[PDB]
Every structure is written in C-alpha cells, then in structure tokens.
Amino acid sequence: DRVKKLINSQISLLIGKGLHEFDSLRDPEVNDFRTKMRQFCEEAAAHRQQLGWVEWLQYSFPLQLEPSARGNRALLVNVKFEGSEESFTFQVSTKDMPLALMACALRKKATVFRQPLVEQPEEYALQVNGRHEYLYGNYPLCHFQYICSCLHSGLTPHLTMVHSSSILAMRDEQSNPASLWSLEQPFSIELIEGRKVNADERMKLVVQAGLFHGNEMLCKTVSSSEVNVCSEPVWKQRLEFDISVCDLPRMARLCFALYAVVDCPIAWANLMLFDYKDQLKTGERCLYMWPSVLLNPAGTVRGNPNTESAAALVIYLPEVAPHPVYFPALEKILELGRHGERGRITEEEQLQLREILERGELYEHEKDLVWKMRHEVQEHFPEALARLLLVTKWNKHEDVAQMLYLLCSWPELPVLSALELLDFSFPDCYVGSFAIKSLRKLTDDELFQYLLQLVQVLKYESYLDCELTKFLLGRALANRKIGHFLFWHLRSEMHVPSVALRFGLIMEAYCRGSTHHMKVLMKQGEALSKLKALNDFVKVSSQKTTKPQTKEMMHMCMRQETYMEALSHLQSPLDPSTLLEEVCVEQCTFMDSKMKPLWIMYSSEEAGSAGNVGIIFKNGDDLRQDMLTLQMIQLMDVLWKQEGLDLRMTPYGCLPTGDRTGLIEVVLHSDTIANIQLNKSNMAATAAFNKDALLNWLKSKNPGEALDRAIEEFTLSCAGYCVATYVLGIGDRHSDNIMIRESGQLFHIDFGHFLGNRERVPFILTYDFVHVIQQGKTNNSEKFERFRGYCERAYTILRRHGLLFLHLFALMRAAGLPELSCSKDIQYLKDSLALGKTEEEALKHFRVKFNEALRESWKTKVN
C-alpha cells in the first residue's frame, strides 16, 4: 500500500538511515531481528489502541510525582473546562485529592450554568494548562510535582477539566494504520592474510590473538610470527589455544590485534565463536578491522562497515566435525549441572565464608571456598550471586553447567543487584537473562532514572536480538516518555559506525509500534535541522559583523515561513511534557561563547506564564558528559528528597540529539555569578564593596521578608552543589559557570570535567558564597554551621547509596567517554564517598576536607 511506502520513507528520514541499507546487507541476523521485533512492537500497539481512558493517560502522560510520594495547608487553584473562556478560582487543601477538586469544579459549573449535571468527577482528569501533564489518581495535590512547584514559587496552579470522551478521541486519533562436549581437541584457527594494511616499512607486522569471556582470558594469548610490513601480509599459519573446543563457553569471543614491531598499534577486530542461532562457526571469515586509538575484548563483535578504507584480516575457522555443532540446550546443561557434591564445612570456615560474602578482590584459597560452598551461597546469601559468578571457571564446561544449574533456581534479586549483573564482567547470556528478570520490577520512574545506562549496556551485547532490547522496547511502547528518551539516546549516536546498525534497527522497531509518535519525533527533528542551519549562519556572521547585526539577521531568517513553521508547535526534546508553542523571535539570541549557541524563546497563550520557556541549541561540542553529570545530580536530589532533604537543586535538561549537537534547558530569572559581580553602575544591586554584590542583587529580587527565604534557598542549594561537585570531582569551577536564580537558588552549568580528570579535586568553599550564607555578617557561626550540617547530611545520604552510583558509573564505561574509560575513574568515586570505611571514619575524613576548604576560603576572608 501507499501508506506502507510512506511510513518506510518517514522512518528512514527520522532515524537518519535508509531502510534499504538494512536489506542490502543480506544478513539473516538483521532480517530475523527486523521480523521478530516488528511483530513484538505491532502487538504492543494493538494492546495500546484498546486501553481504557485512564490507562491511556498512564501511557501518554505518566504521573510526575514528588520522590517522597512514590511507593494541612491552604491552596488557591484556577480550574477551567476544555474549550471554555471562563475559569473558576477556589481554595482547596494540599492534602485534597484531584477528585475533590474536580467535584468542586463540577458543582461550580452546575450552579453557574443553572442545570444539574449528568457528569461525575470520576469521568474527568485535570490537565496542567497548555502542557502534556495531568493530575489524576488517589494522591494528595502536594504529592504532584506541578503543585509542589507552584507551592514553593508561590504561583497559582492553573488546571483544565478534561472529559474521558476527549481523552478517548486522543487515543483514537493517535492510532497506527489498519555434541560440543565430545570435541576434546585444542581450539585453533588459521591466520591466512591481511589486506589494506598501513604501517612503517622499516617494521614487522604481528597479530596477537586471545579468547575471552567478557574481559577475562579463557587461556593465554597466542601471537603470530613476525612478517615484513606491507599492504597485503601473508601468514597462512595455525594458531592453537590452550582450551579444548568442548570448554568454549556460549559467549566466547575471539579477539585480534594487528600491530607493528621494531609497539605500534594498528587495528583490532573481535568475533563471537557461536552465531546468533547457537551454531559453532566454521569456514573463512574476512574481519574488517577497527583502527586502534593491545587486545580490546569489550569492543564490538561486528566488522567495520567502512570496507573501502579498513584493514582486513582473513582467518579460517576449522570444521571440527563433519556435521554442524550447536551449543547444548538448557535441558542438556541442567542434566550435567544437576550432579555435584554439596559442601559440608566447619563453623570456623562458615564464619570466614560469611566474612568474605558480606565484604572487593579475593585470594585464590578464598575463591575455592566460595566455589565449594556455592549451594550455601544460593540458599543463605543469594545477593552474593555476582561474587559466585566471578569465581566460576568459565573455561571449564562442567563448572559452567554447575553454575548454570544454581542460577536457574536462584531467587529474584533486588534492582541494585540486577544493575551490577548487567556489567560486561557478567557476559554469560543466562546471567544477562536473569538480570533482566530481576529488573522487570523497576517502576517507570526508576527505569527513566537508569535509562541512559541501560542504553549504554546495548553496546556490550553480542547479538542484535537480546532480552535487554526487548525489555527496553516493551517498556518504551508502554510509556510515551520512556519511548521519547529511548529514541533520542539511540538517535543521538547514529553518526557512530559501531552502533548505527543496532541503534537504527531498534528505532525502526519502535516506529512500527507507534506511527503517531514517529510523526511527533519527526517534527522535533525538523526543528533541530532548522536550528542547525540557523546556528551555522550565526557562527559565520559572528566573525564578520556586530552582535546587533548578526542578531537582526538571525531574526530575519527565523521570520521565514519555513522557519516559523518548523520551529513552532512541537514537544520539547528535553521534556515531552513541555510544549514549545509560538517561537518569540524578538526574544531569541545567541551566546558569546565559542560555538555561538542559540537562545530560543517560546510563549503559549494557553499555558500563561508556564508557557514562557526556552531552549539552548548547541553544535560543535559533545554534550554526553554534561547530561551524565546532570542526571547524577538529579539522582542525588531524588535520594536526598527520599530522606526528607530538599536542597533546592536545579537539575536542568541537557540532551544530545545528534553528532556534537544537543539542547540545554533555559532557566529563566537567572544569571551567572560573574555577571552579577560585574557590579554595573545605575543598577538596584550596585555595591560599596564587591563582596556585597550577590547579596544586594538578592535583596533587589526579594524585598522585605522575602530576603530571608532567598538566603535559605541559597544556603541549601550551595550545600547540595558543594557536595555534588566534590563527590563527582567537578573542577574548573568559576564565577562564569555558577548561576543564581532570583529565588536565591545557586546552580552549576557547563560540566566539562569530572572524576578529577588526573588530580584529586578538593572540597571547595568560596568566600563570596560564605558571605551570603552568613547574611553579609563577618561572623555568623549559627548560619555557617547550619550550612555545614546540610553538607554533612547530604554527603552521608549519598554514601549510603554509594553502590548505586558505583554500579551506574560502571555501566557508563560502555559510553566511551574519555574521562570515564578505566578502573581509575571509578576509584575516584570510591575515594570521594570513602566507601572502604565506617560512617564515623568517612564523616571524620569529610570534616577534614571541609575544614581544609574553609582554611583555603579564609585566604580570601583575611583580604
């Protein structure tokens, strides 16, 4: 049909890769992935189009609740009915539930319209005016993020009564169209030749080859003979490994590194020994290599798509048997693993086992004790599953079958444990399957929190069709916000050759599951394409004329019909709940920094003040580290709020959308410390002493009794960011990358460097901020020590969730961020949270660092 052709061309444009390219590979693994995932996503779409109207509100507008509310006071609210020019303003309590507010709005309508209504409060939901956000369910108004926000900023919540028939019309309009174990001989390969090799002709070419199960060697590495450097080297030699063909585990990867010797790294390539249908690979393989920036076991197991320029290694996998050989089925593995001797051990060694399972590297004897006592690990210490998997000999089929037998009856583990099991340190497919099974209980809020890490984990997958891909696709099709962010994390990496195929395939599958969301995302892509062209113009014009001239030309370009159309009426890529309605051209500008980022403002008559939102478009810088830093700060905020600690943080949106391209959220009514300290004349903040500048500026935005609250917001947020930058090792902090809101809230921007990348970033206490905390007084120990108490409380809360931060950062090593690429980076976090200590030892150590920072601050106070 014409529609099928149209959807295919629309998916090709959205994902940034023509669907015909997938067909041209003539790859049965790619073909099977496309078929099975299309069917799976089409089933999810059919389940969706028939949801009840409240279930469809949960899909499209998942509730945004306060972290404390997950798992009294007078309040003024403005309520109108859909398509009404008339609204009603009434008093409710923060403890009241949406239904009581709805019943109240219905009584007011019945009185004003002089008729007894047919409608009951149960037939409606409350939309947040001009936003894709709703208040529904049995939660008090204060438990909703929107009301909580209105309450702290003093503003009046504006809501719209939306009838179930209107929600159903949305549902309807948004519808998709109508045996191995006998093979004892050592594993071996034939290294035939190399093609398109480039290196110094004075050198020799060597091929280092290794067998791996994740990062662990299955046997020692084997190297070729040294052959003269030339474009087409010829080895035609046998490389025999110290492992039997029967002992190769299911996820065994064969890793290669081509290099030059007088070391000079040239290229690397990896491949799985068994294909996607569990068959042991035989025959010739031409491996298109990746250039080395020597073995790379974590590297992708798919060849370099750039066959024209890539170095190629031709290898031969020998026919081990006259018939095809498959990895044994689970029932065959369970039969072998079912037999084994159960460990009977003394109370003295039982004390030692409990000591090492609760304790982290182990000694060789401590490993044998864990392995011998594996049944006791399962029955009494099930959370120690990861330790047991790390002592298992993955290069011995009987040990693997015994481990697999126990795993197949292992109790489901907490989400924290399951996160650890997704690391490349647990490469087995059954371990991966078990980790997903324990993650199915993740709430949509917890999943959204860890989505960025789960997407990075995809880069560790050995095959296209995997449990993690299906898990992420099913959760994305069941929650529109999850779907939104899954698409953007995949899309923003389509320029990376190693992931373009996998990521391209997942995005096609998602689009099959939601035709309407594909068109919504295409409209975002159209706006981003215009912003790129607009930004290129600005970068050029900025080197030739004055800012007033570049700014006027920018506005003229935005006022073109194609730009007004493409830049208006879209869901924000930073937050699909935020609607970017009318682009306010007069308010748009660009920033004076290197990449000249665009500052784009929007307004919405339907949303009132809440509709006044902006986005910063930046091109030329990689935004992945900023996003990760901000998500870690947002996680800290959630963890603190769960302990009743609100440090008034500003975790603003930051989202990579393409190659060195992305969006950053505009925080209105905010300015940098540097701009405020310029201490300009004929201003309400002009100071007698530059130290008075921040406090005068706060005084001008908060007259009378409001000043005390602004100083309190400043103190709380300063404690949060002092702790956050210390734990994350955020250095290069100055007056131009620290901002303050009119409310008093301090926040950081532009997170270029973290994890002390290499020197230990000390705790930072700046005098200018000590001056506001102390209310402009030289000595105010009462206020300064309340601030120290907020720092200590914030730090001790984070420490308790230390393992969560460690598991998440470990998953992030897959991202390929230069500041997060080894054990040394994770070690930094281990030191900053001082996790190898008691809470008393860590707090004493934190106080030493905090006191070391105040002495450093005093070298400015004495001046």
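What we label the rigid core is the largest C-alpha set whose atoms superpose within 1.5 Å from one form to the other. When you see a residue number, it is the position in the sequence shown, counting from 1.
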Between 77-85 and 498-506, which one shows the bigger average Cα displacement from this form in 6 other deposited structures of this protein once the rigid core is aligned? 77-85
Greatest C-alpha divergence in 6 other deposited structures of this protein once each structure is fitted on the rigid core, 190-198 or 743-751: 190-198
Entries skipping residue 68: at least a third of other ones: yes
Checking the other PDB entries that cover both flanking residues: does residue 758 lack coordinates in at least a third? yes
I'd like the number of residues from the deposited sequence that lie between residue 359 and residue 360 yet are not in the model, binned as none, 1 to 3, 4 to 9, or 10 or more. 1 to 3
Can you count the deposited residues that have no coordinates between residue 262 and residue 263 and report it as none, 1 to 3, 4 to 9, or 10 or more? 10 or more
Average Cα temperature factor in the PDB entry - higher stretch of 518-526, 360-368: 360-368
Give the stretch, out of 746-754 and 191-199, with the larger mean C-alpha temperature factor in the deposited entry. 191-199
Highest Cα B-factor in the deposition, which of 484, 641, 73, 491? 73
Based on the PDB entry, the highest CA temperature factor among the options 180, 635, 507, 668 is that of 180
Where does residue 450 sit by CA temperature factor within its chain: lowest, middle or highest third? lowest
Residue 338: CA B-factor among chain residues, third -> highest
Taking the C-alpha B-factors as the PDB entry records them, is residue 837 in the lowest, middle or highest third of its chain? highest
Would you please rank residue 291 by its C-alpha temperature factor against the other modelled residues of its chain and give the third it falls in: lowest, middle or highest? highest
Looking at the C-alpha B-factor of residue 397, is it in the lowest, middle or highest third of its chain? highest
